[PDB]
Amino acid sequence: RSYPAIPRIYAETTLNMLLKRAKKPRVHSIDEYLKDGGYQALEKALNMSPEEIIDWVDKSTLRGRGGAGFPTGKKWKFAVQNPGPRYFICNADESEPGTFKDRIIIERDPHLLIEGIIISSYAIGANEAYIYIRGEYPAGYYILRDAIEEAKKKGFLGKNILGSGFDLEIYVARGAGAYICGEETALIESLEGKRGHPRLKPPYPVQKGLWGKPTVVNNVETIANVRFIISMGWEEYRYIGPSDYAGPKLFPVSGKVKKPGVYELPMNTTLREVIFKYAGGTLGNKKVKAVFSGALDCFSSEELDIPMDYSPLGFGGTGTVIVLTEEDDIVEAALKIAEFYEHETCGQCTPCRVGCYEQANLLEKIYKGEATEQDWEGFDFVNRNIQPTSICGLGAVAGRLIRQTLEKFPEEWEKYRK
């Protein structure tokens, strides 16, 4: 049927895995998915033991693509140590600035996600699964609803799936405007009918999650790798990219490049290569000034030779690349990051509630040239004191990027201070 309008995000792959179909800006339905061997990994998964699927995913070295980078197999392993019933959750809240990687799988190759969800669910003995998709992805929501019906009619969902004895239903939930709902425990609260307030950890979801039961939450992109691991085997999967950090990775690239969009690349790829080899270089061929890794880290133009991996010195994060060039004002940009955290703190913790607001408000005073000497010292102080007592990672990071800009672009800030 007809779906809401979506911009045609450019996508390019050197690997032809996650973007084999999704490199084309259109909905690929079940017959088209089946044509290239769709749902065959599922069929194979169902003839394997749950424990063996966990072992394969373990040995693949797959790590979470949602930001915390936790090894996926070990997470599944932890969940099945605890008595059932168990729940599986696909996290499709993708609300961090610059990050649009997950939506192109949802909207173009839904069956790639659904297939991974069913395997993953079977692996942990979950008979009930959820996609939590942000509310500002209305098209993605209707695409997933229709695509889930397609799987049901083709016998991949429902009871006694393909004679295996394994039941699964997949419910699709919508967010309603809160970035914190991407945080796994807030996600769970939202699913339980409530405000999206993170919970004190421990306990962690794999022990106590939805309705207090063992719950695995994985990112869209993470789940999208599952088909491939079962299909190729773990050995062939690790042969993709560097052996230490193996597998396909999506990189959403925006800002001042010639070819903004999503790039499927191996994680030995450098940052310079993303920008200059793949994304076309910079608009106007201007010099790179900085790269914002979402709203988390700020890399200087002296840090481009780093690998796009999960190594200590690697880019890290979710591979989100926002490029700023020599005429972008670093302080204006830091203001925008602060504005984001001001709008997204849930307010449970006092230093986070108060600091996200003051960092924005004082930084705005600095930008507009209306800051007193005390507002400047207060800004510095607040920026260093959002993290105390915080029970989730938002409060841990709301000052991080801005602090890095202060360290790496002192002269531009000094100008504002004069």
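Just count from 1 along the sequence shown to find any residue number.
Q: On mean C-alpha B-factor from the PDB entry, just flag whether 348-356 or 364-372 is the higher one.
A: Per the PDB record, 364-372.
Q: Can you let me know which of the two, 216-224 or 284-292, has the higher average C-alpha B-factor in the entry?
A: According to the PDB entry, the answer is 284-292.
Q: For the listed residues 320, 243, 72, 120, which one has the largest C-alpha B-factor as given in the deposited model?
A: If I rank 320, 243, 72, 120 by C-alpha B-factor, first place goes to 243.
Q: Could you tell me which one of 97, 83, 182, 252 shows the highest CA temperature factor in the PDB record?
A: So the option with the highest C-alpha B-factor is 83.
Q: Please rank the C-alpha B-factors of the chain's modelled residues and tell me whether residue 104 sits in the lowest, middle or highest third.
A: Tercile = middle for this residue's CA B-factor.
Q: Using the temperature factors of the C-alpha atoms in this entry, rank residue 310 within its chain: lowest, middle or highest third.
A: Ranked within chain, residue 310 CA B lands in the highest tercile.
Q: Which third, lowest, middle or highest, does the C-alpha temperature factor of residue 146 belong to within its own chain?
A: Middle third.
Q: Looking at the temperature factor on the CA atom of residue 61, which third of the chain's modelled residues does it land in?
A: It belongs to the middle third of the chain when residues are ordered by C-alpha B-factor.
Q: Using the temperature factors of the C-alpha atoms in this entry, rank residue 91 within its chain: lowest, middle or highest third.
A: Lowest third of the chain for residue 91's C-alpha B-factor.
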